[PDB]
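Examining the three-dimensional arrangement
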Amino acid sequence: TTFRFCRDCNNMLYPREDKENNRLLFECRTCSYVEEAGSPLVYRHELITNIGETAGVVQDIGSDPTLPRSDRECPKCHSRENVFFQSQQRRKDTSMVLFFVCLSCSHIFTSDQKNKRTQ
Amino acid sequence: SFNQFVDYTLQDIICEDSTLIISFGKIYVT
Amino acid sequence: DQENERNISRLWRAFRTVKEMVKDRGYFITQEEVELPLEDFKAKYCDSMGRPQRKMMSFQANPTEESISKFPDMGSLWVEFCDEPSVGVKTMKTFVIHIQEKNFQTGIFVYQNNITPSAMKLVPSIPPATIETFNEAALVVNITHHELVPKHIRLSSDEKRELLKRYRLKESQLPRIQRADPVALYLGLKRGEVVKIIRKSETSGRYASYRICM
Amino acid sequence: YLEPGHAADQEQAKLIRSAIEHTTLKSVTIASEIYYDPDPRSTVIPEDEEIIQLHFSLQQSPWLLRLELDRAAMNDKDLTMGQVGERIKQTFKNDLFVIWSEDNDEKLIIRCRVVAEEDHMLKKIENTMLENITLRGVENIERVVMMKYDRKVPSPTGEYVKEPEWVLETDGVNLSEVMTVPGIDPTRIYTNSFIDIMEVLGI
Amino acid sequence: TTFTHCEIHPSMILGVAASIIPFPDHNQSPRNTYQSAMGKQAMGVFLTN
Amino acid sequence: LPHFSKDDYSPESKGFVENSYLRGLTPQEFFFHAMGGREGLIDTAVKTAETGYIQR
Amino acid sequence: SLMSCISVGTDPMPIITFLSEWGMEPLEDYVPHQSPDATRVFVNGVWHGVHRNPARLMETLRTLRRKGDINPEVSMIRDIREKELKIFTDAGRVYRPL
Amino acid sequence: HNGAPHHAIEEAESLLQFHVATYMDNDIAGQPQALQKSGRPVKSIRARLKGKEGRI
Amino acid sequence: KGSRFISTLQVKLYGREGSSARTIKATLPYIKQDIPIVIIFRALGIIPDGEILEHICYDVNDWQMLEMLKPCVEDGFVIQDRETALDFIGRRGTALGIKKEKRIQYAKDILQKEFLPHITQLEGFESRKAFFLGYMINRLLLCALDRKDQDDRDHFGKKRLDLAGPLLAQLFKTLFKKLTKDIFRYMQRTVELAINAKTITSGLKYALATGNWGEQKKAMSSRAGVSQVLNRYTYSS
Amino acid sequence: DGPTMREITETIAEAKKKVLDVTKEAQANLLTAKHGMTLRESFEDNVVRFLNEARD
DNA sequence: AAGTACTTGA
RNA sequence: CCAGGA
DNA sequence: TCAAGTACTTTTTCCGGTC
Ligand SMILES: [Zn+2]
Ligand SMILES: [Zn+2]
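Residues numbered from 1 in each chain as written, not as in the entry; some residues may be left out. Chains lettered and ligands numbered in written order. Part of a larger assembly, values for the part shown. Heavy atoms only, no water.

Anyone opening this PDB entry will find it titled "RNA Polymerase II initial transcribing complex with a 6nt DNA-RNA hybrid".

Next up, the structure:
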């Protein structure tokens, strides 16, 4: 989604349709502000989420002693130095796929041999 | 636990909401 | 074709069970009459589109020679179906007076979805004759046929009198079948009426229990 | 328990499993989206461009409800885009205009439009859709497992012989309804909830 | 290779009563739980005074 | 336990007591057996009154 | 257990005074989107502010304890993933020596 | 019998109602527990017959 | 230490997983109803949405959590300034405490003295208590978005053991305050040195003998078995 | 027996690998859940089953 | 911890 | 109540 | 009128001390 606020109010924006020119706007319900929409998408639900998997990957991730290490060669820098964890999306369903974070290039690679990622 | 109470805690209890129109100063334990 | 044929199967399955219940109650219905196939049901009670014509289905039934021996005052029965999913005071007043004029003893009304509280108020309006309401959906499956459902047999006034005499009982002391009980409904039991349940026993092979109506 | 004949037929078991195990529009949906697509004939989403080009050839709201279904999920609980779409169409009747991407097509999509003030209206329609629209199955009946129970039965020769059968195991109860289902033995059907047995089969 | 700390002695996970149980690593879990209840009722010199 | 790495689904991590009583238990085996052992003592304790009232 | 002890309860101020002096931006002046990766610092469930390089702060605080300057019964934890640093001067906490 | 102050009457009445109430049952919904001068509540007659330990 | 206001703040996510209009309201000490989070921030001084949202969600990217805040913004849309927010809080009593000047003055006191009493009970600390409430809403939503696990109510790290010292502390405080109000009684009587030292002694004496940790021969609910006779069967015992 | 103890140790040893094998299989997302079960639920069932098969 | 019985808002 | 026993 | 909330009810085997 990614929504905007009113400059002047800082209050949130409500969508208004410009019936005449068939176009979407964003009105402020505290002042007389109006701005045209960036995207046609107003609301996104998302039931089968993937946002949470690689959360809290601070560059300090290597400083956690609790995290386990592996000798897996990186897809980028080919470094056999990396820390690993499972999908941080705390759901029942969730697969046991592993996320490896490079102790040099910091690139996040997975063990998923069914699908190919970029997060 | 008891030592921390006598030495400190006990004094603090003696003077927190204590003072009445009469104040309570330093505590002594025999 | 679609999912039309399935509502037919269900109405036919329901009809078989109605016929089953009627024969069971103690009325003259044949086995070939019950065992009527689906194809034969279609080519009888379906219009010029194969849509079920429930008005045609409605039928009269008479007590078996055997039934008048046990229950002499057991009169004729009328079983009416309805093509209107919601049955109202208009269609009900028709059926109600029909039973009073044809001097019927009992009358069953098989309805698709509902019977308005307006129409339901005409149910106990014409005694000594009695009216019963059966939701078509319940009857799709004959519960009596189930593994766990044993033979219930309705006792006569004399048979009851004898039971109580033989066991030195007050009606209080007998185990009770609830008036609304699926089987008490299937048999059209009235308050005071007694059933004789014959169950199989891992103990004795055959065990006879009795239940009085609520 | 299955119908007398089709007792060893695993494919018959699956058929009933499918006909009884409850399925909602929610269980198949990846995500729902609300877009402002003002031309009913032409779409701002270039993906969908092809779906319109057909579900038009061989008046309505400019606000679009677009939901993506999961192919993997649409399969385990056997379903077609056609049959899913049909349920929505048959739920909202002539007050919702539905189009859907083909079972073949890469992404699985259902485009919906209504017949001043419409934003909140569609958010209600999507809640009705996910929570109230029943696709397959019977209510209260979830997780249906297939089971190969062993049954002792007399053989033609007389002796009692092991003749195992396919049996279904529910995660919920609805006696009245599952009994009236074609393909089962309504004479054999059992529930651990005796309160139900009492209510349906007598005391 | 990440080790931040080391255990002084693993036997220290035990309380006063369980610490008199000889080879508690060779007993079934509750038999140990039983002894750390019975020894409290065992006679002996409680204090020299 | 703090003696293990995160996301360890190994038998040794999730309570598999590899050893015989004759051989002896490792501290980890000992504590896990203790957790499992405590569960039975809890039901023995509870069941006792629940079971009593059922009887009544 | 034999080596278990229970925290007597110390004073939080020497630590709050120490923190501010060691790169701790006070909550009163926090601007979430400016410093968005900021490690949030708590002392007895009281959010005092944020810190930009916790790595170095955590090491300083640990050296402070291991020296005696920060009392040894004081608990300090750094959950890297959650971006949090919670400190406990608090009484009643059960501890063991390692 | 005397100069009825009419409110001091409905007052003295409601107190008697309470005593004759709390005598038979002291463990009533509307909380005042007719506590003996010792904090300890007064033992009602109902309490005496109430299950396991006590009469029946 | 100091009175110990056992006021527990609940931040409630109304609506279930699959219900429309999932609002966030919070039950404030001495206020009958649960106030929609927004009004609380407004009563605190954080007036425009987005300034409010900044305190809750820390990542401007995270659309998922932000959509979840839109209903709250709609719920608090009625109240637009700090004053009208305090009145709305003041309206919902208490009892009600009828009078416009009275209710707005109340809400001030509740937010200062009963709302989040740790942190500070002082005046000018709205900024601190706002960011905290926002940290709480962040955690409420983080769990509802299935990113964090529900809190383990049985984690030993989240438990404390009150030994002899804190136990005595609780009881001594109770009695010294009872002495303070007996000091006030003899000062009121003196319309112009009679401080009963018995209350402190006999009080501690009662508690430690009976093990009924409270005041005094009129104990219940008091916690019996706090103080007990030392087992001297064997040394280990 | 000395060799029975070698034979026992090597029974656990092979079951320990069988478990790692299902773990590696699950981490590589190749595991296919049993109808009416989590991918994880299905895995734990297998692990638990091998380890018991082993103890016995 | 799980009920009956009664009361309250849509 | 408190502590214990099968 | 009918779901959902409210009050208020109810139990838990047998056998010294210190008060
Ligand atoms: Zn504005
Ligand atoms: Zn790399």
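So, about the overall build of chain G. Looking only at helices and strands, chain G has two helices and seven strands in total. Going from N to C terminus, chain G has its helices and strands arranged as β-α-β-β-β-α-β-β-β. The C-alpha radius of gyration computed for chain G amounts to 14 Å, which stays within 12% of the reference 13 Å derived for 98 residues, consistent with globular compactness. Long-range contacts, defined as pairs at least 24 residues apart, comprise 57% of the intrachain contacts of chain G with a sequence gap of at least 6. (Helix = DSSP H or I, 4+ residues; strand = E, 2+ residues; numbered from the N terminus. Rg over C-alpha atoms; globule rule 2.2 N^0.38 Å. Contact = heavy atoms within 4.5 Å.)

So, on to a nonpolar patch on the surface. Residues and elements named next belong to chain H. There is a patch of nonpolar side chains on the surface, built from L16, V20, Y23, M24, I45, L49 and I56 and spanning about 770 Å² of accessible area. Of all the secondary-structure elements, those providing two or more residues to the nonpolar patch are α1 (7-24) and α2 (45-49). For the nonpolar patch, the element with the most residues is α1, which contributes four residues. Within the secondary structure, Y23 is located in helix α1. (Patch = residues over 30% accessible without salt bridge, like charges linked within 9 Å, V, L, I, M, F, W, Y side chains within 5 Å. Areas by Shrake-Rupley, 256 points an atom, 1.4 Å probe, with all protein chains shown as cover. Salt bridge = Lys/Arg side-chain N within 4 Å of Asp/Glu carboxyl O.)

A few words now on the coordination of the zinc ion (ligand 1). Residue and element names in this part refer to chain A. Protein ligation of the zinc ion (ligand 1) involves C6 (SG), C9 (SG), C28 (SG) and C31 (SG), the donor distances falling in the range 2.2 to 2.3 Å. Mapped onto the sequence, the residues coordinating the zinc ion (ligand 1) show the spacing C-x2-C-x18-C-x2-C. With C9 in the segment before β1 (13-18) and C31 in the loop between β2 (23-28) and β3 (34-36), the pair connects residues that are 22 residues apart, well separated along the chain. (Donors = N, O, S within 2.8 Å, 3.2 Å for Na, K, Ca; no water.)

Residues and elements named next belong to chain A. Donor atoms from the polypeptide that coordinate the zinc ion (ligand 2) comprise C74 (SG), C77 (SG), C102 (SG) and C105 (SG), at 2.3 to 2.4 Å from the metal. What the four donor atoms of the zinc ion (ligand 2) show is an angle range of 94 to 123° at the metal, which sorts the shape as tetrahedral. For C105, a relative accessible area of 34% translates into the label partly exposed. (Tetrahedral: all angles 85-135°; square planar, octahedral: opposite > 155°, others 65-115°. Buried < 20%, exposed > 50% of the residue type's maximum accessible area, 1.4 Å probe, protein only.)

With 15 residues of chain D in contact, the opposing surface of chain C contributes 16 residues. Buried area between chain D and chain C, both sides added, is near 1200 Å², and the carbon and sulfur share of it is 58%. Where chain D touches chain C, the interface holds eight residue pairs in polar contact. Per-element accounting of the side of chain D that touches chain C gives the leading share, five residues, to helix α8 (residues 194-201) of chain D. Grouping the constituent residues of the side of chain D that touches chain C by class yields ten nonpolar, three polar and two charged. (Buried area = accessible area lost by both parts, 1.4 Å probe. Polar contact = N/O pair within 3.5 Å; in protein donor to acceptor, adjacent residues only side chain to side chain. Nonpolar A, V, L, I, M, F, W, Y, C, P; charged D, E, K, R; others polar.)

Residues and elements named next belong to chain C. Taken in spatial order, the four strands make up an open sheet running β7-β9-β10-β8, and their pairing is mixed. At either margin of the open sheet sits one strand with a lone partner, and together these are β7 (151-154) and β8 (176-177). Here β7 pairs with strand β9 (residues 194-201) via four bridges, running antiparallel. Directly across from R154, in β9, lies its bridge partner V195. (Pairing = 2+ DSSP bridges.)

Attention now moves to the arrangement of the chains. Where chain D comes nearest to chain G, the C-alpha atoms are still 27 Å apart, and the two do not contact one another. The closest approach of any C-alpha atom in chain A to one in chain H is 45 Å; the two make no contact.

Okay, the pattern of salt bridges next. All told, the structure shown has 75 salt bridges over all chains when counted by the stated rule. Note that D158 of chain C and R161 of chain C form a salt bridge whose closest N and O atoms lie 2.7 Å from each other. Here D158 of chain C pairs with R161 of chain C, and both are found in helix α9 (residues 157-167), just three residues apart, close to one helical turn. Here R161 of chain C falls in the exposed class, since its relative accessible area comes to 53%. The partner of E215 of chain I in a salt bridge is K178 of chain I, and the shortest N-O contact between them spans 3.5 Å. Residue class for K178 of chain I comes out partly exposed when judged on its relative accessible area of 27%. Three or more residues joined by partner-sharing salt bridges are found here, namely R44 and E46 of chain A together with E33, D37, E47, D48, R66, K107, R111 and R113 of chain D.

With that out of the way, let us pick up unusual backbone geometry. The linkage connecting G93 of chain I with the following residue, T94 of chain I, adopts the cis geometry, with an omega of 0°. Along the chain, the position of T94 of chain I falls in the loop between α5 (82-91) and α6 (100-105). Look at the link from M220 of chain I to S221 of chain I: it is a cis peptide, with omega at 0°. Tracing the backbone shows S221 of chain I in the segment after α10 (198-210). Phi at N103 of chain C is positive, roughly 50°, even though this residue is not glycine. Within the secondary structure, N103 of chain C sits in the loop between α6 (89-101) and β4 (106-111).

A few words on the nonpolar core. Formed by 55 residues in total, the largest nonpolar core has its most connected members in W47 of chain G together with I37, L69, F115 and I137 of chain I. Looking at this core, the element that brings in the most residues is helix α8 (residues 126-144) of chain I, giving eight residues. Contact partners of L69 of chain I, with chain neighbours within four places excluded, come to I24, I37, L53, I56, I137 and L141 of chain I. By size, the runner-up hydrophobic cluster in this structure holds 54 residues, among which are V183 of chain C together with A13, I20 and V178 of chain D. (Core = buried A, V, L, I, M, F, W, Y, C linked by side-chain atoms within 4.5 Å.)

Here we take up the sheet that holds strand β1 (residues 59-61) of chain C. All names here are of chain C. Reading across from one edge, β1-β2-β4-β6 is the order of the four strands in this open sheet, with mixed pairing throughout. Two strands close off the open sheet at either side, each with one partner strand: β1 and β6 (130-135). Ignoring strand direction, the axes of neighbouring strands in this sheet form an average angle of 20°. Where β1 meets strand β2 (residues 77-81), three bridges bridge the pair, whose relative direction is antiparallel. Its bridge partner being in β2, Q60 is matched across the sheet by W78. Against the sheet, α6 contacts β2, β4 and β6, and its axis sits at roughly 165° relative to β2. (Axes fitted to C-alpha atoms, helices over the stretch in contact; angles between N-to-C directions.)

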